[PDB]
Asker: 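Starting off with a structure, shown below.
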Amino acid sequence: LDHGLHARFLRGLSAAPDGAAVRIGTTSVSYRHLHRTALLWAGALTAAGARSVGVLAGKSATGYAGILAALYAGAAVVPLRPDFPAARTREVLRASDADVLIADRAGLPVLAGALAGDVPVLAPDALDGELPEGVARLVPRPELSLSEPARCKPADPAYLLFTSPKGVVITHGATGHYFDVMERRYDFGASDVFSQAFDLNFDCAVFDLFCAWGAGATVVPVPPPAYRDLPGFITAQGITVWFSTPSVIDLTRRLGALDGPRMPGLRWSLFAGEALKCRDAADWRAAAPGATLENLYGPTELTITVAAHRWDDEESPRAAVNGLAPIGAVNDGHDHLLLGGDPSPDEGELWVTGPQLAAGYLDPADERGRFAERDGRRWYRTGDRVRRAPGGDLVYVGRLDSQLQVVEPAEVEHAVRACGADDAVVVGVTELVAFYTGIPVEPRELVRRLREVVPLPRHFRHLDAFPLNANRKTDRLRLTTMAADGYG
Ligand SMILES: C[C@H](N)C(=O)NS(=O)(=O)OC[C@H]1O[C@@H](n2cnc3c(N)ncnc32)[C@H](O)[C@@H]1O
């Protein structure tokens, strides 16, 4: 089992071959059935010489098997979003130099557009007349099926993932170090049931898949209606491990769904992608009291997550800064610094180096200003302002470049929440606009409260919800435009 990332799936296969690898609605696909499908598809990918495989698919059997088939063929997985604009998907195919495309039924309608810039398509569910004319089809033959998955070197690409817009090359070796280190934090086993909440083109979906599969556990895609009541969905499905952006907490709370211990069977409550508020952690924890909660942090260029904090109902609120839970300690095997060009013991840009470094970007020229040399080593400059609490825990404060002159928006946001908002986004237009959710407050009352907690924005906007970007993060760029249009 030295194959690479996909060796995690082989370990599940060995532990629960006939157990459910993926549960899609009212049906399951077994490890064994995914394995054989991937061997079959990989034989076709191998015969066509595939080094990079576009996976143009949703949360379908085809899409999960397509990921595995790509890895089984020794190729990088290049996830493509069927619901993304076709022209964007064209750019990604060009940039990644994808050799083959695997498409499910959600991918078919976008495929004519996707291929309108030599790239055969493996689309099991399609009829011939459903592929655009010109496009050659990969029809996997059982006689060319591999007898076993390709074995890859730690340097080989496993995944090509795009940030929000550069292509990041994630290696087998880096995911190998990642899962080795994350597995040791947890107690996953074959009876666990993992959410699959992240989109397939977002790096955290790799944790969903390979932590579950590494344990012989079951992956359960979270369909969009489920967000009307996440705790109901978790309990109905017997989900033991939950992982998402922490926006789902305020969402669930707002809908009245976060009242009482509605998730008794949950064991792990994991959040990544944006700042986690203390208050949000404690609220989720009351709703899922038998689940350990963790705040997981990191950028795509450091393989999935690169720091972790295990929430403690008593200690974490003490270490909190600006109402935000700590991001904790960097993953084992990594060093970090907080730079001001001089290191600080207290606060600065977080720089990290270690085995989880991406191999780099699809265009090396993009590395400059992002990857950096220091003390003979290669680091990733996160562009995040991070503080060290007493205790040693790191705490994320904000984007390094968010500072203004009129000011640290994150301190204003914290003051708005201490005055009663569920959440706040403070942006510049130079003056301040403070968007907030929660109970509406007349702005002169909000100012009175803010002068009481911090002895100020000139404009306050109440929203039912912040807008979210493609990754289900607060869309701060959208809000900055809303501010400029309204008050420029
Ligand atoms: C978790 C996933 N690797 C991710 O979100 N990658 S990303 O490249 O899309 O975005 C990374 C940025 O999200 C923010 N972020 C990610 N996880 C976070 C956490 N737990 N707390 C605060 N900020 C976080 C930071 O600004 C970070 O640099």
Side-chain angles (χ1 to χ4, degrees), residues 79 81 159-170 174-175 178-179 182 197-211 243-250 269-278 280-281 284 293-311 316 319-331 334 336 338 348-352 356-358 361 366 370-371 379-387 389 393-403 409-410 413-414 423 425 468-477:
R81 286 282 294 272
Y159 262 84
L160 175 63
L161 288 172
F162 287 76
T163 66
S164 66
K166 310 169 286 275
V168 183
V169 181
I170 304 296
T175 58
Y178 179 77
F179 288 99
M182 306 298 287
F198 284 106
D199 301 290
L200 295 174
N201 70 319
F202 188 69
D203 58 7
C204 288
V206 180
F207 173 116
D208 293 344
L209 302 182
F210 297 88
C211 277
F243 190 24
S244 70
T245 64
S247 69
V248 300
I249 303 177
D250 190 62
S269 299
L270 310 181
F271 300 98
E274 43 190 346
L276 175 60
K277 286 102 207 192
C278 270
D280 289 3
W284 184 270
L293 188 150
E294 313 205 316
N295 189 22
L296 304 188
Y297 157 95
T300 297
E301 292 93 335
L302 289 166
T303 316
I304 306 172
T305 63
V306 88
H309 175 61
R310 184 161 293 174
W311 176 265
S316 303
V321 173
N322 289 341
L324 310 179
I327 63 167
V330 305
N331 285 5
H334 295 83
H336 74 284
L338 307 173
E349 185 183 18
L350 177 58
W351 287 35
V352 179
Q356 280 175 222
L357 278 162
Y361 287 128
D366 289 346
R370 301 182 66 77
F371 295 89
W379 306 71
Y380 182 73
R381 299 180 62 167
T382 62
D384 303 318
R385 190 171 302 281
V386 171
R387 186 188 310 278
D393 284 332
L394 301 177
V395 193
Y396 166 95
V397 174
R399 294 290 296 172
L400 193 68
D401 65 346
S402 64
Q403 301 214 334
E413 293 163 2
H414 170 66
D423 204 2
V425 158
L468 307 163
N469 66 17
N471 286 321
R472 306 194 34 96
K473 304 189 189 195
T474 306
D475 189 345
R476 292 183 80 96
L477 290 163

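Atoms within a ligand are numbered from 1 in the order they appear, just like the ligands themselves. Count residues from 1 along the sequence.
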Asker: Tell me whether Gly273 has any N or O atom under 3.5 angstrom from an N or O of ligand 1.
Answerer: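 Looking only at distances, the answer is yes, because the N/O contact criterion of under 3.5 Å is met.
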
Asker: Would you call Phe371 and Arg381 a side-chain contact if the rule is heavy atoms closer than 4.5 Å?
Answerer: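 A side-chain contact under 4.5 Å is absent here.
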
Asker: With heavy-atom distances below 4.0 Å as the criterion, list the atoms of ligand 1 near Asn295.
Answerer: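 Heavy-atom distances to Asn295 below 4.0 Å select 20 (N).
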
Asker: Looking at side-chain heavy atoms only, is the closest gap between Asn331 and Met182 below 4.5 Å?
Answerer: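 The answer is yes, as the side chains (C-beta and beyond) meet within the 4.5 Å cut-off.
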
Asker: Looking only at non-hydrogen atoms, which of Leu324, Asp384, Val386 approaches atom 28 (O) of ligand 1 most closely?
Answerer: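 Nearest option to atom 28 (O) of ligand 1, by heavy atoms: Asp384.
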
Asker: Using 30° and 60° as the class limits, which term best fits the ring planes of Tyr396 and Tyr297: parallel, tilted or perpendicular?
Answerer: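 Ring orientation, 0 to 90° scale: tilted.
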
Asker: Consider every N or O of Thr305 and every N or O of ligand 1, then say whether any pair is closer than 3.5 Å.
Answerer: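 Looking only at distances, the answer is no, because the N/O contact criterion of under 3.5 Å is not met.
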
Asker: Just let me know how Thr300 lines up against ligand 1, side chain, backbone, both or neither, with a heavy-atom cut-off below 4.0 Å.
Answerer: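 It is both backbone and side chain that touch ligand 1.
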
Asker: State whether the shortest distance between N or O atoms of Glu301 and N or O atoms of ligand 1 falls below 3.5 angstrom.
Answerer: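 No, since none of the N or O atoms of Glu301 sits under 3.5 Å from an N or O of ligand 1.
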
Asker: Can you name the closest pair of heavy atoms from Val395 and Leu324 and give their distance?
Answerer: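 Looking at all heavy atoms of both residues, the shortest contact is CG1-O, 3.7 Å.
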
Asker: Starting from atom 2 (C) of ligand 1, which protein heavy atom do you reach first, and at what distance in Å?
Answerer: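 Here the closest protein heavy atom is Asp203 OD1, 3.1 Å.
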
Asker: Please examine the side chains of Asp203 and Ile170, heavy atoms only from C-beta on, and report whether any two atoms are closer than 4.5 Å.
Answerer: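 No, their side chains stay 4.5 Å or more apart.
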
Asker: Measure the shortest side-chain to side-chain distance between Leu270 and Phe207 over non-hydrogen atoms and say whether it is less than 4.5 angstrom.
Answerer: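 The answer is yes, as the side chains (C-beta and beyond) meet within the 4.5 Å cut-off.
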
Asker: Using distance alone, decide if ligand 1 has a nitrogen or oxygen within less than 3.5 Å of any nitrogen or oxygen in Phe271.
Answerer: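 N/O-N/O distance below 3.5 Å does not exist for this pair.
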
Asker: What protein heavy atom is closest to atom 10 (O) of ligand 1, reported as residue, atom name and distance in Å?
Answerer: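 For this ligand atom, the closest protein heavy atom is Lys473 NZ, 3.0 Å.
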
Asker: Compare all side-chain heavy atoms of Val386 with those of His336 and state whether any distance is below 4.5 angstrom.
Answerer: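 No, their side chains stay 4.5 Å or more apart.
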
Asker: Going by the closest heavy atom to atom 4 (C) of ligand 1, which one wins out of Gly298, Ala307, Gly328, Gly383?
Answerer: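 Nearest heavy atom to atom 4 (C) of ligand 1 lies in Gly298.
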
Asker: What atoms of ligand 1 come within less than 4.0 Å of a heavy atom belonging to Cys204?
Answerer: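 Atoms satisfying the 4.0 Å criterion: 1 (C), 2 (C).
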
Asker: If you measure from each non-hydrogen atom of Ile304 to ligand 1, which part falls under 4.0 Å: side chain, backbone, both or neither?
Answerer: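 Contact part for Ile304 vs ligand 1: backbone (N, CA, C, O).
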
Asker: Below a 4.0 angstrom heavy-atom separation, can you tell me which part of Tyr297, side chain or backbone, both or neither, approaches ligand 1?
Answerer: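 The answer is both.
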
Asker: List ligand 1 atoms under 4.0 Å from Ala275, heavy atoms only on the residue side.
Answerer: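 What qualifies from ligand 1 is 21 (N), 22 (C), 23 (N).
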
Asker: How far is atom 21 (N) of ligand 1 from the closest protein heavy atom, and which atom is that?
Answerer: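 Among all protein heavy atoms, the one nearest atom 21 (N) of ligand 1 is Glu274 O, 3.2 Å.
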
Asker: Which of the atoms of ligand 1 are close to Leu296, meaning less than 4.0 Å from one of its heavy atoms?
Answerer: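 Listed by number with element: 17 (N), 19 (C), 20 (N).
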
Asker: Could you report the tightest heavy-atom contact between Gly273 and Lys473, atom names first, then the distance?
Answerer: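 The answer is O-NZ, 2.8 Å.
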
Asker: Closest approach of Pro246 and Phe271, non-hydrogen atoms and distance?
Answerer: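 Of all heavy-atom pairs spanning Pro246 and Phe271, the closest is CA-CD2, 3.7 Å.
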
Asker: Taking all heavy atoms of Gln356 and all of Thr305, pick out the closest pair and write down the distance.
Answerer: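 The pair with the smallest heavy-atom distance is NE2-O, 2.8 Å.
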
Asker: As an exercise, identify every atom of ligand 1 less than 4.0 angstrom from a heavy atom of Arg399.
Answerer: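 Once the distances to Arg399 are compared, the set is 26 (O), 28 (O).
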
Asker: Can you tell me which portion of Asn471 lies within the under-4.0 Å heavy-atom range of ligand 1? Options are side chain, backbone, both, or neither.
Answerer: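 No part of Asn471 is near ligand 1 at this cut-off.
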
Asker: Is any side-chain heavy atom of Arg370 closer than 4.5 Å to one of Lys166?
Answerer: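 Answer yes - side chains close enough.
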
Asker: Below the 3.5 angstrom mark, is there an N/O of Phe202, backbone or side chain, next to an N/O of ligand 1?
Answerer: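 In this structure, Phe202 places no N or O atom under 3.5 Å from an N or O of ligand 1.
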
Asker: Using the six-membered ring wherever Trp is involved, compare the ring planes of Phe202 and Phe198 and label them parallel, tilted or perpendicular (cut-offs 30° and 60°).
Answerer: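 Parallel, since the angle between the ring planes stays under 30°.
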
Asker: Tell me, please: is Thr163 in heavy-atom contact with ligand 1, that is, under 4.0 Å?
Answerer: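 So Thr163 does not count as touching ligand 1.
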
